[PDB]
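Have a look at the structure below before the remarks.
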Amino acid sequence: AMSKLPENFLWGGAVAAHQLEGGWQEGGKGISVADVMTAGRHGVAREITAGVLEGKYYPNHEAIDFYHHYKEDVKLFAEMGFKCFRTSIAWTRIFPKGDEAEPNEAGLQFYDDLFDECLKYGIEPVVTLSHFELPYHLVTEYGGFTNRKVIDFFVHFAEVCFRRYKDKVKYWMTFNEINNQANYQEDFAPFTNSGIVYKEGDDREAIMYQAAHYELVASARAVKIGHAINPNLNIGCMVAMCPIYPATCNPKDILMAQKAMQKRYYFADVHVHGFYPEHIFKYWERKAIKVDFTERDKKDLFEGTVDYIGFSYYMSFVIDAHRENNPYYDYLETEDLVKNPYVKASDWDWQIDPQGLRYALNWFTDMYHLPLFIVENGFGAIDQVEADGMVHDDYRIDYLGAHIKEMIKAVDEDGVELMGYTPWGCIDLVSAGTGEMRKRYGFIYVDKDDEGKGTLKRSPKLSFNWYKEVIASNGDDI
């Protein structure tokens with residue numbers, strides 16, 4: 001009487017350092033890109049300031065103070081019975097500026113301490129190396145990942161981590177949601193993925209492709225050094241998977257969707273196959289995009305392919321061919337997408353499409369034939385604390401449950417290889433897109449609001465014991 005998922009299935013929860021740690025200057029930690037992004041809300045972008053200003057509010061400076069409370073928080077993960085815990089190693093804790101010859105021992109010791117605590121409860125760390133938090137010094141001094149020299153800085157950082165934690169961390173990924181910057185029309189993705197600050201007159205698209213290239217090379221180099229240090233390390237990529245559906249069976253919509261997925265997911269082709277799709281090269285030729293791309297990069301990419309594909313899944317998109325003056329079927333994430341009339345959406349307009357997770361699992365499997373890891377899934381919503389002192393987040397339970405059902409079908413009916421599942425923001429943390437506390441994801445409520453007020457007390461939500469039971473039954477009872 002076995003369950004539909006494997007016994008060793010990696011149930012857990014996922015966060016990122018800059019979103020929860022706080023202690024932004026503790027232990028000599030340097031200023032990161034997250035440290036110069038002000039709070040926003042749905043409809044208003046976060047302000048990216050030229051540094052830490054006096055009149056501005058930076059929610060990531062303090063976040064939820066996990067840096068100090070992690071022992072208590074990890075205890076809560078263990079109560080739910082996490083098999084793993086996904087977080088990032090704050091680049092700026094190890095290399096405050098990014099270009100130092102030696103790593104920061106206080107920073108390395110903190111993660112030794114964090115990882116040890118997880119392992120005390122049998123929780124396997126899962127580590128993302130870059131998660132929207134590169135050293136701001138790299139942005140100002142080198143222009144972020146628009147500079148080839150930054151590749152080496154990243155690989156040095158990676159090597160240091162691989163060496164330090166080679167016997168503590170089994171599962172690694174290189175660049176969080178590396179493909180977000182396919183949307184180069186807005187400032188968020190290029191800043192957070194790549195430390196790109198645009199000036200007037202910039203060819204935003206060309207710059208993005210150059211930075212993406214350097215990151216793909218850096219990823220490949222990091223895969224090679226990690227495996228050289230310990231061949232048993234599982235090192236994956238991380239892509240934001242938003243399936244793009246054609247609006248209708250009009251052949252033009254069909255081609256738009258195919259070409260859009262090509263543009264949004266070519267990163268995965270490079271991570272997995274070790275070379276660029278020819279359609280990318282043709283596109284660059286057409287747009288007169290020039291990329292510094294050497295024979296050595298070519299070799300590195302081919303030799304540094306990943307062991308597995310980590311991905312986030314929250315929603316699906318729809319595209320059509322309505323946009324005029326688009327004879328080459330270019331993809332603009334901010335203009336070509338339309339709403340799906342067959343689904344509901346969150347209060348932040350994120351479409352709710354659990355079945356799309358099954359499509360995504362199959363798409364990755366059919367294209368790449370690698371094991372997969374759902375390393376983010378979540379429902380960001382306003383929570384209210386009931387009279388009983390608990391959030392009765394049945395809406396969050398319903399969302400997660402619906403996706404778990406589909407992922408189990410993908411394993412059980414479709415045969416996809418799925419390593420595990422870590423819901424995003426398992427403890428309430430500072431949101432990425434908007435920098436909000438009110439957009440809550442957690443099984444654990446944290447008392448901190450968007451004016452920075454609150455005790456920071458942790459309290460289990462209704463979803464807390466729900467998920468505990470999910471894990472205990474290995475998904476048999478949802």
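Simple scheme: letters A, B, ... for chains in structure tokens order, numbers from 1 for residues in each chain, numbers from 1 for ligands in the order shown.
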
Show which residues sit within 6 Å of segment 81-97 of chain A, as a VMD selection string. Count only C-alpha atoms, and ignore same-chain residues fewer than 6 positions away.
chain A and resid 10 to 17 29 to 30 103 to 104 107 123 to 129 134 to 135 137

Would you mind listing what lies within 12 Å of segment 330-336 of chain A as a VMD selection string, with only C-alpha atoms counted and same-chain residues fewer than 4 positions away left out?
chain A and resid 179 to 187 189 205 242 244 to 247 253 255 to 264 279 to 280 283 to 284 286 to 287 317 to 326

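Interatomic distance, atom CA of residue 64 of chain A to atom CA of residue 120 of chain A: 22.6 Å.
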
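When only C-alpha atoms are used to measure the gap to residue 153 of chain A, the shortest distance among A:390, A:408, A:222, A:39 belongs to A:222.
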
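With only C-alpha atoms taken into account, the protein and nucleic acid residues at most 10 Å from residue 446 of chain A (excluding it and anything under 4 positions from it in its own chain) are residues 64, 427, 428, 429, 437, 440, 442, 454, 455, 456, 457, 458, 459, 460 and 461 of chain A.
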
Using N, CA and C atoms, can you export the residues from the last selection as a PDB file, in the first residue's frame?
```pdb
ATOM      1  N   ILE A  64      11.386  40.171   8.766  1.00  0.00           N
ATOM      2  CA  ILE A  64      10.781  39.564   9.954  1.00  0.00           C
ATOM      3  C   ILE A  64      11.807  39.121  10.996  1.00  0.00           C
ATOM      4  N   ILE A 427       6.640  31.061   5.945  1.00  0.00           N
ATOM      5  CA  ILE A 427       6.435  32.007   7.039  1.00  0.00           C
ATOM      6  C   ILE A 427       6.256  33.377   6.373  1.00  0.00           C
ATOM      7  N   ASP A 428       5.290  34.176   6.842  1.00  0.00           N
ATOM      8  CA  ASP A 428       4.993  35.473   6.217  1.00  0.00           C
ATOM      9  C   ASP A 428       6.261  36.305   6.081  1.00  0.00           C
ATOM     10  N   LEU A 429       6.530  36.794   4.877  1.00  0.00           N
ATOM     11  CA  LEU A 429       7.738  37.581   4.633  1.00  0.00           C
ATOM     12  C   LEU A 429       7.478  38.752   3.679  1.00  0.00           C
ATOM     13  N   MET A 437       4.080  43.393   3.291  1.00  0.00           N
ATOM     14  CA  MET A 437       3.774  42.376   4.278  1.00  0.00           C
ATOM     15  C   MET A 437       2.339  41.894   4.088  1.00  0.00           C
ATOM     16  N   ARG A 440       0.267  38.117   1.974  1.00  0.00           N
ATOM     17  CA  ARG A 440       0.767  37.044   2.826  1.00  0.00           C
ATOM     18  C   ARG A 440       0.674  35.680   2.165  1.00  0.00           C
ATOM     19  N   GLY A 442       2.185  32.752   4.053  1.00  0.00           N
ATOM     20  CA  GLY A 442       2.660  31.761   5.004  1.00  0.00           C
ATOM     21  C   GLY A 442       1.667  30.778   5.583  1.00  0.00           C
ATOM     22  N   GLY A 454       4.476  46.199  14.609  1.00  0.00           N
ATOM     23  CA  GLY A 454       4.102  44.858  15.014  1.00  0.00           C
ATOM     24  C   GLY A 454       5.112  44.177  15.907  1.00  0.00           C
ATOM     25  N   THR A 455       4.656  43.136  16.598  1.00  0.00           N
ATOM     26  CA  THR A 455       5.478  42.399  17.551  1.00  0.00           C
ATOM     27  C   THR A 455       6.437  41.421  16.886  1.00  0.00           C
ATOM     28  N   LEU A 456       6.106  41.003  15.668  1.00  0.00           N
ATOM     29  CA  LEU A 456       6.851  39.964  14.955  1.00  0.00           C
ATOM     30  C   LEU A 456       6.557  38.587  15.535  1.00  0.00           C
ATOM     31  N   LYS A 457       5.570  38.505  16.421  1.00  0.00           N
ATOM     32  CA  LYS A 457       5.157  37.214  16.957  1.00  0.00           C
ATOM     33  C   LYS A 457       4.773  36.277  15.809  1.00  0.00           C
ATOM     34  N   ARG A 458       5.193  35.017  15.898  1.00  0.00           N
ATOM     35  CA  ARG A 458       4.759  33.996  14.944  1.00  0.00           C
ATOM     36  C   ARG A 458       3.558  33.236  15.492  1.00  0.00           C
ATOM     37  N   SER A 459       2.572  33.014  14.629  1.00  0.00           N
ATOM     38  CA  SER A 459       1.372  32.267  14.980  1.00  0.00           C
ATOM     39  C   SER A 459       0.972  31.365  13.820  1.00  0.00           C
ATOM     40  N   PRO A 460       0.779  30.068  14.097  1.00  0.00           N
ATOM     41  CA  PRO A 460       0.305  29.137  13.075  1.00  0.00           C
ATOM     42  C   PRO A 460      -1.069  29.550  12.569  1.00  0.00           C
ATOM     43  N   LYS A 461      -1.254  29.435  11.254  1.00  0.00           N
ATOM     44  CA  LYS A 461      -2.531  29.702  10.608  1.00  0.00           C
ATOM     45  C   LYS A 461      -3.257  28.374  10.479  1.00  0.00           C
TER      46      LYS A 461
END
```

Which polymer residues have any atom within 12 Å of an atom of residue 469 of chain A, counting only C-alpha atoms, with same-chain residues fewer than 3 positions away left out, as a compact mmCIF listing (two decimals) with N, CA and C atoms, in the first residue's frame?
```txt
# COMPACT_ATOMS: atom_id res chain seq x y z
N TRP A 11 9.02 17.26 0.60
CA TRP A 11 8.08 18.29 1.03
C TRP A 11 8.84 19.32 1.84
N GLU A 79 7.88 21.18 13.29
CA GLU A 79 6.55 20.84 13.79
C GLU A 79 5.64 20.42 12.64
N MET A 80 5.73 21.13 11.52
CA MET A 80 4.98 20.75 10.32
C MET A 80 5.59 19.53 9.64
N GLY A 81 6.85 19.25 9.98
CA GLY A 81 7.54 18.08 9.47
C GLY A 81 8.22 18.26 8.12
N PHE A 82 8.67 19.47 7.81
CA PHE A 82 9.42 19.69 6.57
C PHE A 82 10.50 18.62 6.39
N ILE A 397 -5.39 27.14 1.73
CA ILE A 397 -5.48 25.69 1.74
C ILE A 397 -6.05 25.19 0.40
N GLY A 401 -3.85 22.94 -2.10
CA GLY A 401 -4.43 21.63 -2.30
C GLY A 401 -4.71 21.34 -3.77
N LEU A 462 -4.50 28.40 10.01
CA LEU A 462 -5.25 27.17 9.78
C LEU A 462 -4.47 26.23 8.85
N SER A 463 -3.78 26.82 7.89
CA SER A 463 -3.05 26.06 6.88
C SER A 463 -1.86 25.31 7.47
N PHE A 464 -1.44 25.71 8.67
CA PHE A 464 -0.28 25.13 9.33
C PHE A 464 -0.49 23.64 9.60
N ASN A 465 -1.56 23.30 10.33
CA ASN A 465 -1.83 21.89 10.57
C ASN A 465 -2.38 21.14 9.35
N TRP A 466 -2.99 21.87 8.43
CA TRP A 466 -3.38 21.27 7.16
C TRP A 466 -2.16 20.70 6.44
N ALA A 472 2.52 14.42 6.46
CA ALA A 472 2.41 13.18 7.22
C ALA A 472 1.80 12.05 6.40
N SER A 473 0.85 12.39 5.53
CA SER A 473 0.19 11.40 4.68
C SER A 473 0.84 11.32 3.30
N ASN A 474 1.93 12.06 3.11
CA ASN A 474 2.61 12.10 1.82
C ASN A 474 1.68 12.48 0.68
N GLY A 475 0.73 13.36 0.97
CA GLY A 475 -0.18 13.89 -0.02
C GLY A 475 -1.41 13.04 -0.25
N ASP A 476 -1.54 11.95 0.50
CA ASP A 476 -2.72 11.10 0.38
C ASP A 476 -3.98 11.80 0.87
N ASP A 477 -3.82 12.71 1.82
CA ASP A 477 -4.96 13.41 2.40
C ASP A 477 -4.82 14.92 2.26
N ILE A 478 -5.59 15.50 1.35
CA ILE A 478 -5.49 16.93 1.06
C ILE A 478 -6.82 17.63 1.36
```

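Each of A:59, A:277, A:423, A:304 was checked against residue 438 of chain A using only C-alpha atoms; the smallest atom-to-atom distance is that of A:59.
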
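Counting only C-alpha atoms, the residue from A:131, A:396, A:296, A:148 that sits nearest to residue 191 of chain A is A:131.
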
Can you tell me, as an NGL selection string, which residues in segment 47-156 of chain A count as helix (DSSP H, G or I) by DSSP?
:A and (66-80 or 91-94 or 105-120 or 136-142 or 144-146 or 149-156)

Just the strand (DSSP E or B) stuff from segment 302-422 of chain A, please, per backbone DSSP, written as a PDB file with N, CA and C atoms, in the first residue's frame.
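The new file out-v2.pdb reads:
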```
ATOM      1  N   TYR A 308      18.998  19.167 -12.662  1.00  0.00           N
ATOM      2  CA  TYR A 308      17.549  19.184 -12.527  1.00  0.00           C
ATOM      3  C   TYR A 308      17.037  20.593 -12.761  1.00  0.00           C
ATOM      4  N   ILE A 309      15.723  20.719 -12.945  1.00  0.00           N
ATOM      5  CA  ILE A 309      15.106  22.012 -13.198  1.00  0.00           C
ATOM      6  C   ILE A 309      14.257  22.362 -11.980  1.00  0.00           C
ATOM      7  N   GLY A 310      14.693  23.359 -11.215  1.00  0.00           N
ATOM      8  CA  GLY A 310      13.824  23.904 -10.192  1.00  0.00           C
ATOM      9  C   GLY A 310      12.959  24.958 -10.854  1.00  0.00           C
ATOM     10  N   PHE A 311      11.708  25.053 -10.436  1.00  0.00           N
ATOM     11  CA  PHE A 311      10.873  26.099 -10.991  1.00  0.00           C
ATOM     12  C   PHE A 311       9.817  26.584 -10.026  1.00  0.00           C
ATOM     13  N   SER A 312       9.423  27.842 -10.199  1.00  0.00           N
ATOM     14  CA  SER A 312       8.285  28.376  -9.469  1.00  0.00           C
ATOM     15  C   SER A 312       7.044  28.272 -10.353  1.00  0.00           C
ATOM     16  N   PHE A 317      -0.421  32.330 -18.269  1.00  0.00           N
ATOM     17  CA  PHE A 317      -0.735  33.507 -19.084  1.00  0.00           C
ATOM     18  C   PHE A 317      -1.514  33.063 -20.321  1.00  0.00           C
ATOM     19  N   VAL A 318      -2.103  34.031 -21.008  1.00  0.00           N
ATOM     20  CA  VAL A 318      -2.669  33.821 -22.335  1.00  0.00           C
ATOM     21  C   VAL A 318      -2.116  34.900 -23.245  1.00  0.00           C
ATOM     22  N   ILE A 319      -1.877  34.543 -24.512  1.00  0.00           N
ATOM     23  CA  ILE A 319      -1.344  35.475 -25.501  1.00  0.00           C
ATOM     24  C   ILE A 319      -2.201  35.391 -26.763  1.00  0.00           C
ATOM     25  N   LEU A 337       0.026  39.935 -23.731  1.00  0.00           N
ATOM     26  CA  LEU A 337      -0.741  39.046 -22.859  1.00  0.00           C
ATOM     27  C   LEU A 337      -2.173  39.534 -22.671  1.00  0.00           C
ATOM     28  N   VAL A 338      -3.091  38.585 -22.546  1.00  0.00           N
ATOM     29  CA  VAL A 338      -4.497  38.899 -22.333  1.00  0.00           C
ATOM     30  C   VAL A 338      -5.011  38.023 -21.196  1.00  0.00           C
ATOM     31  N   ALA A 345      -8.709  34.888 -10.374  1.00  0.00           N
ATOM     32  CA  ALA A 345      -7.384  35.442 -10.084  1.00  0.00           C
ATOM     33  C   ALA A 345      -7.300  35.995  -8.664  1.00  0.00           C
ATOM     34  N   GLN A 351      -3.447  34.860 -12.046  1.00  0.00           N
ATOM     35  CA  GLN A 351      -4.456  33.884 -12.441  1.00  0.00           C
ATOM     36  C   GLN A 351      -4.267  32.547 -11.728  1.00  0.00           C
ATOM     37  N   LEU A 372      12.487  17.234 -11.919  1.00  0.00           N
ATOM     38  CA  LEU A 372      11.940  18.554 -11.682  1.00  0.00           C
ATOM     39  C   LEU A 372      11.748  18.770 -10.184  1.00  0.00           C
ATOM     40  N   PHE A 373      11.746  20.030  -9.770  1.00  0.00           N
ATOM     41  CA  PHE A 373      11.559  20.373  -8.356  1.00  0.00           C
ATOM     42  C   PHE A 373      10.690  21.619  -8.335  1.00  0.00           C
ATOM     43  N   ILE A 374       9.470  21.507  -7.806  1.00  0.00           N
ATOM     44  CA  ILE A 374       8.631  22.678  -7.642  1.00  0.00           C
ATOM     45  C   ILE A 374       9.136  23.393  -6.401  1.00  0.00           C
ATOM     46  N   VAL A 375       9.902  24.457  -6.614  1.00  0.00           N
ATOM     47  CA  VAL A 375      10.559  25.145  -5.499  1.00  0.00           C
ATOM     48  C   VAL A 375       9.853  26.428  -5.045  1.00  0.00           C
ATOM     49  N   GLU A 376       8.740  26.762  -5.705  1.00  0.00           N
ATOM     50  CA  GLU A 376       7.819  27.822  -5.266  1.00  0.00           C
ATOM     51  C   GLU A 376       6.408  27.534  -5.779  1.00  0.00           C
ATOM     52  N   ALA A 381      -2.282  36.580  -0.325  1.00  0.00           N
ATOM     53  CA  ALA A 381      -3.597  37.113  -0.015  1.00  0.00           C
ATOM     54  C   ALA A 381      -3.593  37.907   1.278  1.00  0.00           C
ATOM     55  N   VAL A 385      -6.694  38.100  11.288  1.00  0.00           N
ATOM     56  CA  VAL A 385      -6.635  37.267  12.478  1.00  0.00           C
ATOM     57  C   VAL A 385      -8.012  37.218  13.127  1.00  0.00           C
ATOM     58  N   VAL A 391      -5.498  32.877  11.916  1.00  0.00           N
ATOM     59  CA  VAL A 391      -5.982  33.158  10.575  1.00  0.00           C
ATOM     60  C   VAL A 391      -6.595  31.887  10.010  1.00  0.00           C
ATOM     61  N   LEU A 418       9.493  13.986 -10.238  1.00  0.00           N
ATOM     62  CA  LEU A 418       9.329  15.158  -9.385  1.00  0.00           C
ATOM     63  C   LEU A 418       9.993  14.945  -8.029  1.00  0.00           C
ATOM     64  N   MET A 419      10.976  15.787  -7.721  1.00  0.00           N
ATOM     65  CA  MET A 419      11.800  15.601  -6.522  1.00  0.00           C
ATOM     66  C   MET A 419      11.102  16.046  -5.250  1.00  0.00           C
ATOM     67  N   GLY A 420      10.275  17.083  -5.357  1.00  0.00           N
ATOM     68  CA  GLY A 420       9.683  17.662  -4.168  1.00  0.00           C
ATOM     69  C   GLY A 420       8.875  18.908  -4.475  1.00  0.00           C
ATOM     70  N   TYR A 421       8.452  19.575  -3.408  1.00  0.00           N
ATOM     71  CA  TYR A 421       7.465  20.639  -3.486  1.00  0.00           C
ATOM     72  C   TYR A 421       7.639  21.520  -2.254  1.00  0.00           C
TER      73      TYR A 421
END
```

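Across the structure, atom CA of residue 226 of chain A and atom CA of residue 299 of chain A are spaced 17.0 Å apart.
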
Closest of A:210, A:384, A:232, A:130 to residue 289 of chain A, counting only C-alpha atoms, is A:210

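Residues in contact with residue 362 of chain A at up to 8 Å, not including ones fewer than 2 positions away on its chain and judged by only C-alpha atoms, are residues 358, 359, 360, 364, 365, 366, 410, 414 and 416 of chain A.
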
Could you turn the residues from that selection into a file that holds N, CA, C and O atoms, as a short mmCIF file (atom, residue, chain, number, x, y, z; two decimals), in the first residue's frame?
```cif
data_model
loop_
_atom_site.label_atom_id
_atom_site.label_comp_id
_atom_site.auth_asym_id
_atom_site.auth_seq_id
_atom_site.Cartn_x
_atom_site.Cartn_y
_atom_site.Cartn_z
N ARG A 358 0.16 20.98 -14.09
CA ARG A 358 0.30 19.69 -14.74
C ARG A 358 0.86 19.86 -16.17
O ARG A 358 1.76 19.14 -16.59
N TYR A 359 0.37 20.86 -16.89
CA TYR A 359 0.90 21.18 -18.21
C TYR A 359 2.39 21.50 -18.11
O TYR A 359 3.20 21.00 -18.89
N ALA A 360 2.75 22.31 -17.12
CA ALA A 360 4.14 22.72 -16.96
C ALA A 360 5.05 21.52 -16.69
O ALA A 360 6.14 21.41 -17.28
N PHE A 364 8.08 20.59 -19.31
CA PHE A 364 9.48 20.43 -18.91
C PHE A 364 9.97 19.00 -19.15
O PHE A 364 11.10 18.77 -19.59
N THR A 365 9.13 18.02 -18.84
CA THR A 365 9.56 16.62 -18.99
C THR A 365 9.77 16.28 -20.48
O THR A 365 10.80 15.69 -20.87
N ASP A 366 8.80 16.66 -21.31
CA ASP A 366 8.86 16.33 -22.74
C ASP A 366 10.01 17.02 -23.45
O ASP A 366 10.59 16.46 -24.39
N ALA A 410 0.45 14.43 -12.31
CA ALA A 410 1.59 14.45 -13.22
C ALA A 410 2.56 13.30 -12.91
O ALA A 410 3.13 12.69 -13.82
N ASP A 414 1.23 10.68 -15.45
CA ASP A 414 2.04 11.13 -16.58
C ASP A 414 3.49 10.67 -16.48
O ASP A 414 4.23 10.73 -17.45
N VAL A 416 6.05 11.97 -14.69
CA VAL A 416 7.10 12.98 -14.57
C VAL A 416 7.96 12.64 -13.36
O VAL A 416 7.49 11.99 -12.42
#
```

Please identify all polymer residues within 8 Å of residue 132 of chain A, counting only C-alpha atoms, omitting same-chain residues fewer than 2 positions from it, and present them as an NGL selection string.
:A and (18 or 33-34 or 130 or 134 or 176 or 192-193)

Can you measure atom CA of residue 240 of chain A to atom CA of residue 178 of chain A for me? One decimal in Å is fine.
7.4 Å
